[PDB]
Amino acid sequence: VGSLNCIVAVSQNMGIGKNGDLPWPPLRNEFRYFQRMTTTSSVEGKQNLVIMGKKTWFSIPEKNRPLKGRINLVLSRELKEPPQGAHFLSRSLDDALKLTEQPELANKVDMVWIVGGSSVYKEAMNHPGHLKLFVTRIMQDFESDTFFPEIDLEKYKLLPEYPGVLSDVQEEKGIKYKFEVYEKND
Ligand SMILES: NC(=O)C1=CN([C@@H]2O[C@H](COP(=O)(O)OP(=O)(O)OC[C@H]3O[C@@H](n4cnc5c(N)ncnc54)[C@H](OP(=O)(O)O)[C@@H]3O)[C@@H](O)[C@H]2O)C=CC1
Ligand SMILES: Nc1nc(N)c2nc(CNc3ccc(C(=O)N[C@@H](CCCNC(=O)c4ccccc4C(=O)O)C(=O)O)cc3)cnc2n1
């Protein structure tokens, strides 16, 4: 279909979260991009699937829930039913994908995106396969409580250029960030 894409925004300090929210002021072009990648499908007829954790689902305003133009999928080991507005519940990343394969998720599912969080990016990586890491490098410190799982990066390729990805350092709201994409076929 599509390959395990991971999409994360990192602060220099390796922070991704802080009290169920973002280590930084919301940055709208970074949001538009995020929207861009995860929704956008070439196969016709098919949606992308975004796999996300309990605390990530919840950070996202009710208002944009479930994310417009993507099958929303939630990972929790505690709810019984999936959070409202949210399309599936899956106790673990191995079954999230089994489901894809399952009967109706089959013809529909085009790519699958890992929006996070921590143990989800944690399950991801540690998979043998075609994984591309879409990394947004917020080039500032923000005190955060939740962090990026570190990637043995001698095992990834840093593509200099990616299809539709800005390659020069971007500056919104006095903040400065840059996009890099990583690969691995292990
Ligand atoms: N800035 C960015 O790019 C990103 C920021 N964020 C932010 O970072 C923080 C997210 O907090 P974090 O603790 O990472 O929480 P997550 O939202 O990733 O947690 C999802 C919940 O789901 C469960 N879960 C997670 N991984 C798995 C798994 N592999 N199998 C089953 N259940 C799983 C855990 O809950 P249970 O007890 O249900 O198992 C966890 O509580 C918030 O600040 C959020 O806004 C998140 C993603 C990207
Ligand atoms: N790289 C990258 N990777 C990630 N995994 C990632 N994860 C998060 C996780 N926490 C959230 C919180 C909110 C939303 C959300 O709300 N989602 C909308 C975006 C619409 C844009 N909304 C705006 O910011 C906005 C608001 C008003 C006017 C203009 C805009 C705009 O985007 O220009 C959508 O459809 O995807 C998503 C994730 C945050 N940042 C990330 N960055």
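Positions are given from 1 along the sequence. As a basis for the values below, the full set of heavy atoms in this structure was taken, side chains included, without hydrogen atoms, waters or symmetry mates. Counting starts at 1 for both ligands and their atoms, following the listed order.
Residue contacts with ligand 2, taken as heavy atom pairs separated by less than 4.0 Å, do not involve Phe58 at all. The part of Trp24 lying near ligand 1 is the side chain, judged by heavy-atom distances below 4.0 Å. With a 4.0 Å heavy-atom cut-off, ligand 2 is reached by the backbone of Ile7 and by its side chain too. At a heavy-atom cutoff of 4.0 Å, ligand 1 is contacted by the side chain of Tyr121 but not by its backbone. Residue contacts with ligand 1 for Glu123 involve side-chain atoms from C-beta outward but no N, CA, C or O (heavy atoms, distance under 4.0 Å).
For atom 24 (N) of ligand 1, the nearest non-hydrogen atom of the protein is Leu75 O, 3.7 Å. The protein heavy-atom contact nearest to atom 7 (N) of ligand 2 is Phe34 CE1, 4.1 Å. Considering only non-hydrogen protein atoms, atom 32 (O) of ligand 2 sits nearest to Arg32 CG, 2.7 Å. Looking at atom 17 (O) of ligand 1, its nearest protein heavy atom turns out to be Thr56 N, 2.7 Å. Here the protein heavy atom with the shortest distance to atom 26 (N) of ligand 1 is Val120 CG2, 3.4 Å. What sits closest to atom 20 (C) of ligand 1 on the protein, heavy atoms only, is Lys54 N, 2.3 Å. The protein atom (non-hydrogen) at minimum distance from atom 3 (O) of ligand 1 is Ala9 N, 2.7 Å. The protein atom (non-hydrogen) at minimum distance from atom 33 (O) of ligand 2 is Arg28 CD, 2.1 Å. Nearest protein heavy-atom contact of atom 43 (O) of ligand 1 is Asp21 O, 2.4 Å. In terms of protein heavy-atom proximity, atom 9 (C) of ligand 1 is closest to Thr146 CG2, 3.4 Å. Here the heavy atom of the protein found nearest to atom 17 (N) of ligand 2 is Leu67 CD2, 3.9 Å. With respect to atom 40 (N) of ligand 2, the closest heavy atom belonging to the protein is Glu30 OE1, 3.8 Å.
Within the 3.5 Å criterion, the main-chain N or O of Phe142 finds a donor-acceptor partner in the side chain of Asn13. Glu180 places no side-chain N or O within donor-acceptor distance of the main-chain N or O of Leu158, the cut-off being under 3.5 Å.
Numbered from 1 in the order shown, with element, the atoms of ligand 2 that lie under 4.0 Å from a heavy atom of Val115 read 5 (N). Proximity to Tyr121 (heavy-atom distance under 4.0 Å) selects the following atoms of ligand 2: 5 (N). Within ligand 1, counting atoms from 1 as listed, the ones closer than 4.0 Å to a heavy atom of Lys18 are 43 (O). Of all atoms in ligand 2, numbered sequentially from 1 with element shown, those under 4.0 Å from a heavy atom of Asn64 are 16 (O). Per-residue contacts place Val8 under 4.0 angstrom from the following atoms of ligand 2 (heavy atoms of the residue considered): 1 (N), 2 (C), 3 (N). The contact set between ligand 1 and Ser92, taken as ligand atoms under 4.0 Å from a residue heavy atom, comprises 30 (N).
Residue-ligand proximity: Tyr177 is placed with every non-hydrogen atom at 4.0 Å or more from ligand 2. Note on ligand 1: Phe58 sits outside its first shell, no heavy atom being nearer than 4.0 Å. The shortest heavy-atom distance from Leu22 to ligand 2 is under 4.0 Å. For the pair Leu93 and ligand 1, no heavy-atom separation below 4.0 Å is found. Using a non-hydrogen distance threshold of 4.0 Å, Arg70 registers as a contact of ligand 2.
Considering CD of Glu78 and NZ of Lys54, their distance stands at 5.0 Å, rounded to 0.5 Å. Atom CD of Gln12 and atom CZ of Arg137 lie 9.5 Å apart (nearest 0.5 Å). Note that OG1 of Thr38 and CH2 of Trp113 are 7.0 Å apart. Values are rounded to the nearest 0.5 Å.
Residues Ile51 and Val112 form a side-chain contact, since some pair of their non-hydrogen atoms from C-beta on lies under 4.5 Å apart. Residues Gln140 and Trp24 fail the side-chain proximity criterion, which asks for heavy atoms closer than 4.5 Å. For the pair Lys155 and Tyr182, the minimum side-chain heavy-atom distance is 4.5 Å or more. Residues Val74 and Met52 meet the side-chain proximity criterion, which asks for heavy atoms closer than 4.5 Å. The side-chain heavy atoms of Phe34 and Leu27, taken from C-beta on, include no pair separated by under 4.5 Å. Side-chain contact check for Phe148 versus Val135: every heavy-atom pair is 4.5 Å or farther apart. Side-chain contact between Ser144 and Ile16 is absent, with no heavy-atom pair separated by less than 4.5 Å. A heavy-atom distance below 4.5 Å is found between the side chains of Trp57 and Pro66.
Within a 4.0 Å radius of atom 34 (C) of ligand 1, the protein has no heavy atom. Shown here, atom 26 (C) of ligand 2 is out of close reach of the protein: none of its heavy atoms lies under 4.0 Å off. Proximity of atom 4 (C) of ligand 2 to the protein is indicated by at least one non-hydrogen atom lying closer than 4.0 angstrom.
Looking at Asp145, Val115, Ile51, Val8, it is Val115 that brings a heavy atom closest to atom 48 (C) of ligand 1. When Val10, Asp95, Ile16 are checked for heavy-atom proximity to atom 1 (N) of ligand 1, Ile16 turns out nearest. Nearest residue to atom 13 (O) of ligand 1 from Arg77, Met52, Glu30, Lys55 is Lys55 (criterion: closest heavy atom). Closest heavy-atom approach to atom 20 (C) of ligand 2 among the candidates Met52, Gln35, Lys63, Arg65: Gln35. Within the set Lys122, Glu78, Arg91, the minimum heavy-atom distance to atom 37 (O) of ligand 1 is found for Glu78. Between atom 15 (C) of ligand 2 and the options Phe31, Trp57, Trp24, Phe179, the minimum heavy-atom separation is to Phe31. For atom 32 (N) of ligand 1, the choice among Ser76, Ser118, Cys6 with the nearest heavy atom turns out to be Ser76.
Here the rule is side chain to side chain donor-acceptor pair (under 3.5 Å) with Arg70, and of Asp110, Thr40, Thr39, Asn48 only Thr39 fits it.
Remark: ligand 2 and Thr136 share an N or O pair separated by less than 3.5 Å (distance only, no angle test). For ligand 1, the polar-atom distance check finds no N/O of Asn19 at less than 3.5 Å from any of the ligand's N/O atoms. Here's the thing with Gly117: one of its N/O atoms is less than 3.5 angstrom from an N/O atom of ligand 1.
Scanning both residues, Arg91 and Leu75, for their nearest heavy atoms gives C-CD2, 4.3 Å.
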